[PDB]
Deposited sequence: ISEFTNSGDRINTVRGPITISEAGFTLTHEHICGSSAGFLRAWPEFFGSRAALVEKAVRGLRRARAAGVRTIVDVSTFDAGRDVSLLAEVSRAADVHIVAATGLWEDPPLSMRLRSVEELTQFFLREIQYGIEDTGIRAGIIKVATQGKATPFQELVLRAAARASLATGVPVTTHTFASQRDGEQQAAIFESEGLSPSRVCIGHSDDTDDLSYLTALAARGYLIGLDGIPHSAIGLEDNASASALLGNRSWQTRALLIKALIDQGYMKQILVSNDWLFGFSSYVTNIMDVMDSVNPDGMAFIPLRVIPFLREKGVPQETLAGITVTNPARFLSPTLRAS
């Protein structure tokens, strides 16, 4: 004698309970404190809850059982909101720590050691006074890392090594940010199998993606429905969503399957039910081109890949097996 679980906003769950998992989503993309200070920007807090519950229930009916909400502190993560909508839609939600693209002064001024302590607090102790523990660490670059972003990448690697929770990233994929992120992570001793290089469907450079995957990284093809096709007269929507079709993004899933990387693909929508960190109309514009919301992956992408010949066992591997392996702490 003397010689299994993932944290969600409702508490620990076993691996088997996660099921079909969307690995990069947002209940509400905002800013720290903003939902509490100005809920009327979203109509009301109650209206945002109702919208998220409706959308999550639709995703659940399409087969989704878990989402990973990769909103950080500076993306306005409100874990109490996540917990309310998770409960009322009966969909598990994994919450995130880390930092995204808009850290305030009180974060931007901190050392790598301080950031490590903050990420560890959110994983090991809880987020705010809620007792809800993060189950993933989110980081971001937008091209070459700023000095602070390098600190965040290192603190994320250290927090991952101390807890076993994985790291997921925002990239400027066309600037191959995953390469710099990988270099910094490996300089900290982090295993590539603990890292998802996200927004990787924003590029068509397959050689960039297969080289990362041949190093063991997971590849996040996570913005499949993001497209401004049909919105060409809308500059702000076009700038955010791009002019590449959802089908072009979905073809990358098949391409990576065909190149042997099915065990390293993670798929998602990068959808939201509220969105205050961009132009005012953006949520309504996005909803007008993708009414399916987070159900877009199961309702549209799965049939598209099935028509292309991808067998169901491969699709189950990508949507069930891969997220469970990634999220289970090492």
query	finding
Deposited positions lacking CA coordinates	4-8, 336-339
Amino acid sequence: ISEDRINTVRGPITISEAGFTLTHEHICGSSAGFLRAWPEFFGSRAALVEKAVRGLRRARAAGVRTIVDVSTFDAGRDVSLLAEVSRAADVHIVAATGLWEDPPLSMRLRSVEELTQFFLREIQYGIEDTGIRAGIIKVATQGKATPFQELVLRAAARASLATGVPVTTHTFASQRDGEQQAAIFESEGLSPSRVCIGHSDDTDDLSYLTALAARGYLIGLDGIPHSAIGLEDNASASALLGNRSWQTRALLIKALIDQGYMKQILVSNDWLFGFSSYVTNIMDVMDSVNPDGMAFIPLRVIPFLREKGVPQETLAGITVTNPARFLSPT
From here on, numbers count along this sequence of modelled residues.
item: Mean temperature factor over C-alpha atoms, higher-scoring stretch between 239-247 and 254-262; value: 239-247
item: Selected stretch [higher average CA B-factor]: 74-82 or 228-236; value: 228-236
item: Chain-relative CA temperature factor third for residue 69; value: lowest
item: Ranked C-alpha temperature factor of residue 36 among modelled chain residues, by third; value: highest
item: Cα B factor band for residue 180 (lowest, middle or highest third within the chain); value: lowest
item: Chain third (lowest, middle, highest) by recorded CA B-factor, residue given as residue 304; value: highest
item: Modelled-residue ranking by C-alpha temperature factor, third containing residue 59; value: middle
